[PDB]
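To keep things clear, I will list the structure first and then write my remarks on it.
Readers should treat all values here as calculations from the given coordinates under stated rules, not as data from a laboratory. We place every Cβ from the backbone using ideal geometry, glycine too, and count neighbours over all the protein chains shown.
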Amino acid sequence: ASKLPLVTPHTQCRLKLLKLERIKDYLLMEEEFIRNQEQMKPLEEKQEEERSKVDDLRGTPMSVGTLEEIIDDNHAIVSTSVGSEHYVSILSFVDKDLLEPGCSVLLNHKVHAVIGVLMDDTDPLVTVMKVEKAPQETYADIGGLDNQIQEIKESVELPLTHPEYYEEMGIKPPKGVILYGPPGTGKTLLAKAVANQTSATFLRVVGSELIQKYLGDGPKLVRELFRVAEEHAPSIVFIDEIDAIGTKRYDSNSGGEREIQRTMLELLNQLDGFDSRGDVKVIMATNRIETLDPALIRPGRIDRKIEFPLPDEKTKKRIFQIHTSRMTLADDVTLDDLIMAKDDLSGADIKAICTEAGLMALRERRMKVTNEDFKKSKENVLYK
Amino acid sequence: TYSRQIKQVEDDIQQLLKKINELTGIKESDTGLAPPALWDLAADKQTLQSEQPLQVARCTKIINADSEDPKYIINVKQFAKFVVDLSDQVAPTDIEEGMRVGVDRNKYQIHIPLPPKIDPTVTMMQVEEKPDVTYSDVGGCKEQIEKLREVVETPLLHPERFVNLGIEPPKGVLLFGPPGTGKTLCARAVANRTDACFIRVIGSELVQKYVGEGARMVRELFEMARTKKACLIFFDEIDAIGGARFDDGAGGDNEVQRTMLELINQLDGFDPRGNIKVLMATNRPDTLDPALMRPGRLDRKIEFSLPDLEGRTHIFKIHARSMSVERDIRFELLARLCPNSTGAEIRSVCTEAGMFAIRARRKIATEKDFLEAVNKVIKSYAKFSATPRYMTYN
Amino acid sequence: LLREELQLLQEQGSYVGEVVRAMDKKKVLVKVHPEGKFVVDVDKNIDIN
Ligand SMILES: Nc1ncnc2c1ncn2[C@@H]1O[C@H](COP(=O)(O)OP(=O)(O)OP(=O)(O)O)[C@@H](O)[C@H]1O
Ligand SMILES: Nc1ncnc2c1ncn2[C@@H]1O[C@H](COP(=O)(O)OP(=O)(O)OP(=O)(O)O)[C@@H](O)[C@H]1O
Ligand SMILES: [Mg+2]
Ligand SMILES: [Mg+2]
């Protein structure tokens, strides 16, 4: 376990041979070094003798406790599960480093003395807000954008994969990335390919669900959220639809906008706090970019501002080609009549038409998709 | 040449490490304990010595005493209350009232006094650790650096020049301007340079769900503040913690105002904080309450505006000192291109201007690379720019 | 059997618990209705799965 971190010749050399031969002699020295201790000091088994001596110290009714202070000379005040706290002492098999206020520990039944500490059963919300797997396909699924994708790899992926380029430059990566445009323009869709691509611990949160009914529960949820993001790894925090904190008012919130405000203040701390931040990236996305506070949008808090335009028609045919790739297209159709049907159709619109047309074929048990499928299909999708 | 001969002679000793280190005893990965090779102090003696003579000594809280006699009045967590006594090992001196004491479970007598409650969420906002921000790095507002630093550290580092002159130094100071101007970044150089308890406070963390709840947190903060001799209390973004009182009709924003009034009381009146210096910083000061803005609480009043030309050039020389560039560029040209601009924007231009050299295959940025930063950051992001309604602070 | 009930009914009551989950070395983590969690053992007649 972490015996020798050096690998640097990386060849067939007498260097890499003599490494092990040295460490060979040291590990044999450890073997026959400890071998004499039981040869001339049997006196025990030492594999379970001292171990069950510890387990003969500690009783089987192991009560579960929680720290609240520390006095260094192995005694402290520890809170009971009832609440009536004590002033017990602490053992020598307690390996006194994992002791923080509020931690779960192991106590005696009788004198309630601090026997051991307890590993904490994670947290329900960490898994809830924690994204497990890659959602879907890569960046090749998107099509048409091809410029800001270089922007997203630029601020996000390239800092991860090539931390040589910033160092030869004498520079750090940009901090904050924001995404804005018309709705249905693939804003979340790009983040799915990011969540495909990355190996970092990924988090995703809607801007709508920040708001609470309890006072300060929002900002508390923020503080523990950034706690979770920082405590894990090179992490990617995504926020969708952050305008919804400013647009809609809900009567579940006891406070009005002057609690929403305080929520945005605590978040505004967590972007640009004086504390050492660490390796957490921030991707934001919405459609109403003009509405929120520009104080969150200052450089220092967000560096990169990324608009998503409406698709041009030669990109539209590409998006049709993507959403018609694996499907049994009957050759009755022409996609170019389908392009100019709406002047300002989204990429959600194309897939809506395609999938709904597949629903129309599955009404008639068919396998291929004909022209009138699209004819009545856009009647269903667009006009209502 | 000896391809397998290095690999298996490598591998049998990489395994033979573990094959006898299991015969040492590090194994049986636990559920919360310690290394078996370490605990052996409490092995035969303290196992029956720190245990079998040792009591539990349940901790309590004193109500009060009475005259002529000990006849102490104890209090516990949930249960009833007793008339109790000392031990012989302690004097009745430090058995003052309202004090936590360790007390046996049988005779119910006092063993040792205890420190009172600290409420560890307040303990968390002690920083314990310093950032690296140099006064060299906040260059451009050196008069503000001086005018602040003469207030902050000079009595702490020299408590004689104020005394022998015969003046009491001020205690309170706010810092304010538009965002990104170097308020928080400026505070980090103080937390760098300092030595005493630097207890930071962000006001939205005081937003509680119960009533009076943050108000007691204020009190406890000043309790452990008065324990220390000299202590620096930091206040970030105090507009959440209070604008003013404006109440009309149904009581709106009632709860915040009472905590603000407690903050007033802990600052001024009736044998105060003494040697406890405070430091606020806001974005928009215009919202703030006048009695809060009364001196004796917020004496020094430091503005942070944009640098004139030379501070901006200096900020170019701060963020731009450590990047591969063309040697023969000039920054004064760029500062001419950035009239109304913060140093965060300057840094952002530095970091983007590197990325231009990172775009194709260049190692060092050029002047026209900087120009490629200027129009994009300054003029293409000019829809947002966040500043001008904060110049008026609305 | 019937005379034996006069004796064996002198045995005290049995607690009821609630498993959160088990840990190493034949032990479990069990909490009571309104009483705190305990790290306790198993008997020999109970399998971990
Ligand atoms: N350029 C595109 N290429 C392929 N599919 C697209 C494109 N744009 C949008 N879509 C389809 O539209 C759907 C909606 O994508 P997404 O939700 O990311 O857009 P959005 O702008 O984030 O929507 P919203 O504004 O509702 O958040 C995606 O599942 C995607 O398949
Ligand atoms: N004088 C300066 N020199 C160099 N960098 C600066 C200066 N002022 C601000 N900055 C940059 O601004 C960023 C934010 O600084 P700071 O957090 O102090 O802003 P602020 O004035 O406190 O406003 P806010 O409270 O919104 O953050 C820092 O990353 C720093 O790089
Ligand atoms: Mg979307
Ligand atoms: Mg700041």
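Points worth noting:
- Amide H contacts of B:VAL84: B:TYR72, B:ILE73, B:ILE74, each under 5 Å away and 5 or more positions distant or on a separate chain (H built 1.01 Å from N in the peptide plane; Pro and chain starts excluded).
- For chain A, the square roots a ≥ b ≥ c of the C-alpha gyration tensor eigenvalues yield an a/c of 1.5 or more together with a/b exceeding b/c, which makes the shape prolate.
- Segment A:21-82 and segment B:89-167 have Cα centres separated by 38 Å.
- If you take the Cα centroid of segment A:287-332 and the Cα centroid of segment B:259-278, the two points sit 54 Å apart.
- Highest-MSF residue in chain A out of A:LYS187, A:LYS96, A:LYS133 [GNM, Cα springs under 10 Å]: A:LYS96
- Test item: B:18-27 mean partner chain Cβ contacts at 10 Å: 4
- Among A:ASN253, A:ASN196, A:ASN36: highest mean-square fluctuation, GNM of chain A, C-alpha pairs under 10 Å: A:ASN36
- Acute angle (nearest 10 degrees) that the helix B:3-21 long axis makes with the longest principal axis of chain B, alpha-carbon atoms: 30 degrees
- A simple rule links phi to the HN-Hα coupling: the Karplus curve 6.51 cos²θ - 1.76 cosθ + 1.60 with θ = phi - 60°, which for segment B:186-196 gives 5, 5, 5, 6, 5, 5, 5, 5, 6, 9, 7 Hz, with x for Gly and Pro.
- Across the cross-link table entries A:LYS24/A:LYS96; A:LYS220/B:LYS301; B:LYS147/B:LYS379; A:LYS110/B:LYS27; A:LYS130/A:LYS213, which are compared at the Cα atoms, the separations over 27 Å belong to A:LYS24/A:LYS96; A:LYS220/B:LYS301; B:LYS147/B:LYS379; A:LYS110/B:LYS27.
- Two-site FRET efficiency, B:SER3 against A:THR188, from Cβ-Cβ distance with R₀ of 60 Å, rounded to 0.05: 0.70
- What the phi angles of segment A:316-329 give under the Karplus curve with 6.51, -1.76 and 1.60, with θ = phi - 60°, is a coupling list of 4, 4, 5, 6, 4, 5, 6, 7, 10, 6, 8, 9, 6, 6 Hz, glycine and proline written as x.
- Residues A:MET264, A:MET29, ranked from the fewest to the most other C-beta atoms within 10 Å, line up as A:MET29, A:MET264.
- Averaged over peptide B:384-394, the number of partner chain Cβ atoms lying within 10 Å of each residue's Cβ comes to 3.
- Relative intensity, log₁₀ I(q)/I(0), of the protein assembly as shown from a Debye sum that treats every alpha carbon as a point, q = 0.05, 0.06, 0.10, 0.11 Å⁻¹: -0.42, -0.60, -1.33, -1.40
- Each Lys or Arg adds one and each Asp or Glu subtracts one; over the other residues with Cβ under 13 Å from the Cβ of B:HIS158, this totals -1.
- Note on chain B: with a GNM built from Cα contacts shorter than 10 Å, the maximum mean-square fluctuation among B:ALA191, B:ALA34, B:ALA42 falls on B:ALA34.
- Amide H partners (placed H, <5 Å) of B:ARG200, local residues excluded: B:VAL127, B:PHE234
- Loop chymotrypsin sites (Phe, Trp or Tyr not before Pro), segment B:1-103, which have at most 12 other Cβ atoms in a 10 Å radius of their Cβ (DSSP): B:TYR2, B:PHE79
- Prolate/oblate/rounded call for segment A:117-209, Cα gyration tensor, a/c under 1.5 rounded: oblate
- Applying both filters, DSSP loop and at most 12 other Cβ atoms within 10 Å, to the GluC sites (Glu not before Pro) of segment A:234-291 gives A:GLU290.
- Estimated vicinal HN-Hα couplings, Hz - segment A:147-161 in sequence order (Karplus 6.51, -1.76, 1.60; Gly, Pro = x): 10, 6, 5, 4, 5, 6, 5, 4, 7, 10, 7, 4, x, 6, 6
- Convex hull volume per residue, computed on the Cα atoms of segment B:173-259, equals 115 Å³.
- The amide H of A:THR201, built 1.01 Å from its N in the peptide plane, has A:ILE236 as neighbours under 5 Å, considering only residues 5 or more places off or on other chains.
- Considering only alpha-carbon pairs that sit under 8 angstrom and 6 or more positions apart, the relative contact order computed for chain B is 14 percent.
- Average other protein chain Cβ within 10 Å of Cβ, residues B:250-256: 2
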